[PDB]
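Participant: PDB entry and its sequence, pasted below:
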Amino acid sequence: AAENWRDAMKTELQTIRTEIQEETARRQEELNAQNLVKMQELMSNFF
């Protein structure tokens, strides 16, 4: 029963980890896109 409880905690910890990893990947891709806009902004903002 203790082992079954451990397994139940494990499968949910995996779902939470995958959801966090997928959200992180999406947010960091968006950050790269924003950094490029912010650099193209800052460059033309000088000249």
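Facilitator: That came in fine, so what should we check first? Numbering: from 1, shown residues only.
Participant: Residue 44 - how many residues pack around it?
Facilitator: Residues near residue 44, counting by other CB atoms under 10 Å, number 8. No exception for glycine: its C-beta is placed from N, CA and C like everyone else's.
Participant: Is residue 46 in a helix, a strand, or coil?
Facilitator: coil (DSSP: H, G, I helix; E, B strand; the rest coil).
Participant: what are the phi and psi values for it?
Facilitator: phi -90, psi -40 (degrees, to the nearest 10).
Participant: how close does it get to residue 37?
Facilitator: In this view, residue 46 and residue 37 are 16 Å apart by CB to CB, to the nearest Å.
Participant: Give the residue from those two that has the larger number of neighbours.
Facilitator: More crowded of residue 46 and residue 37, by other CB under 10 Å: residue 37, with 9 against 6.
Participant: Quick check: which element contains that one?
Facilitator: Here residue 37, judged by DSSP states H and E, is contained in helix 2-44.
Participant: How far off centre is that helix?
Facilitator: 2 Å (CA atoms, centre = their mean, to the nearest Å).
Participant: Could you name the helices and strands sitting against it?
Facilitator: In this structure, helix 2-44 makes packing contacts with no helix or strand, judged by 3 or more CB pairs under 8 Å, 6 or more residues apart in numbering; DSSP states H and E.
Participant: Next, the contact list for residue 27, please.
Facilitator: Taking CB atoms under 8 Å, 6 or more residues apart in numbering as the contact definition, residue 27 lies against nothing.
Participant: What lies in contact with stretch 31-39?
Facilitator: Nothing outside stretch 31-39 qualifies as a contact, by CB under 8 Å, 6+ apart.
Participant: Dump it to CSV, restricted to CA.
Facilitator: Output in CSV follows, covering the C-alpha atoms of stretch 31-39 (Å, rounded to 0.1, in the frame of the first residue of the first chain):
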residue,chain,number,x,y,z
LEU,A,31,11.2,36.2,-24.3
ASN,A,32,13.7,35.6,-27.2
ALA,A,33,11.2,37.2,-29.7
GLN,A,34,10.7,40.2,-27.2
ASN,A,35,14.5,40.6,-26.9
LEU,A,36,14.9,40.8,-30.7
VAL,A,37,12.1,43.5,-30.9
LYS,A,38,13.8,45.4,-27.9
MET,A,39,17.2,45.2,-29.6
